[PDB]
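Read through the structure below, which is laid out as structure tokens, and then see the notes.
One is the number of the first residue; the rest follow in order along the sequence. Keep in mind that the numbers below use all heavy atoms, side chains included, and drop hydrogens, waters and symmetry copies. Note that ligands are numbered from 1 as they come in the structure, with each ligand's atoms numbered from 1 the same way.
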Amino acid sequence: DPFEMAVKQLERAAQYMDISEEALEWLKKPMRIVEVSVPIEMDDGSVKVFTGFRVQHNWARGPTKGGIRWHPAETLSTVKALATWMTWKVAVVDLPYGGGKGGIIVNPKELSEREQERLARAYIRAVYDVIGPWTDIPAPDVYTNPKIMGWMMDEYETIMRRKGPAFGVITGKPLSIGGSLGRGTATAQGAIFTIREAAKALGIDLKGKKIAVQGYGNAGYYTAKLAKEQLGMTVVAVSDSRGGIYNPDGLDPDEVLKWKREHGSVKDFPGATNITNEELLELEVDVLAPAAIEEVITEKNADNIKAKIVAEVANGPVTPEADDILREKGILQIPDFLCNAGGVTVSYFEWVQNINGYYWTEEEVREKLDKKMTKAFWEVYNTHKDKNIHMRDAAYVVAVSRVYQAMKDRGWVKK
Ligand SMILES: N[C@@H](CCC(=O)O)C(=O)O
């Protein structure tokens, strides 16, 4: 189970910090769980009822935040674990947010556009009483995009009778309706800032160094592109779920994306040697950025990693055994919920823009993301040095300490 795995992670974290038993018990349970029925009328005229969730783990630091998943395998346990994870994610990067998560047990592939809009509007009508600009801010997630976010915001504004900032009730919206710039490259930009800070900490100059990326979706492609331009690095290996390519002199991510668009995959790229993911993970490269399916670095290949920095852009792509093995080699790891925290920071920026009624630009959003990511990385690294623990442990310590301090300040826990 995912919620048990999350709870265990929290206990393991609490082992390295001084936290009261009552606070741990409080943090082991979501503060509010809402399970609703989401009825929509289909194209054939029949009415089908779906199961929707909205978990608000903790709101000591402020309104909860988290996306909505439309997955046929959604469970309450998954939503609860992801909300718990979102709490620490927003706490490590110092946002005035709590942890939240929603989901609908639905296969969105079998739904038409009209049915998808009806599902979004019905979900908003079902969970209206627990969401709001200052209560709970949903966001795009697996199988949800900005189109669904716009439909959801419109339904919320219709119910809300335009009595306040209905734009800020949800993030990831289209630019025409409370849209925020930088929302396509948020995760990659945050990962690049964290990689730059890690290289600064290790004393490595990234100008001309090597990078390898696993997974060539939005995150992987934009990570490679931003690395090559901003950090001046030599992209030598990229890979999708199909296969990988290698070229020591350097690859051009734009051309690789064009090839992927044409032939359907990065396989057989001209001037490059076709390889598989497993050997791709073991090239002698300065930094490694797994941006693909989780649990790629395990005990089987942990000792074979030759990268000086491993940036876990993906969601937990490294197992704890591989974590210990990599730390034993001196390889610096950026924790998964610290590396890809650029997505929630830009969502916070979007919420601020919506609340204020004044939107920013591309340079403004990029400048702020730099500040937030640099400060979060330095906080985690300072905890890393002071407590002499793992990088992932330090991030948990920082997040749980912030949430615990907020809880103590409100008087929720007296000790
Ligand atoms: N991190 C989740 C949701 C958080 C947010 O964007 O507000 C996502 O990938 O969308």
Legend entry - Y404 six-ring centre to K408 NZ/CZ under 6.0 Å and within 45° of normal: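 Yes, a cation-pi geometry.
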Legend entry - Cation-pi, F337 ring and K89 (6.0 angstrom, 45 degrees):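 That pair does not qualify as a cation-pi contact.
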Below 4.0 angstrom, N of the basic side chain to O of the carboxylate: do [X] and [Y] qualify?
X: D43; Y: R118; value: yes
X: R121; Y: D154; value: yes
X: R392; Y: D323; value: yes

Inset, instruction - Measure the distance from atom 9 (O) of ligand 1 to every protein heavy atom, then report the residue, atom name and distance (to 0.1 Å) of the closest one. - result: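 Result: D141 OD1, 3.9 Å.
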Which of the numbered atoms in ligand 1 are below 4.0 angstrom from a heavy atom of [X]?
X: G67; value: 3 (C)
X: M86; value: 1 (N), 4 (C)
X: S347; value: 7 (O)

Inset, instruction - Just go through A139, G343, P140 and tell me whose heavy atom is the nearest to atom 8 (C) of ligand 1. - result: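 Among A139, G343, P140, the closest heavy atom to atom 8 (C) of ligand 1 comes from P140.
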Inset, instruction - Could you name the option among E350, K65, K101, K89 that has the heavy atom nearest to atom 2 (C) of ligand 1? - result: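 Looking at heavy atoms only, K101 sits closest to atom 2 (C) of ligand 1.
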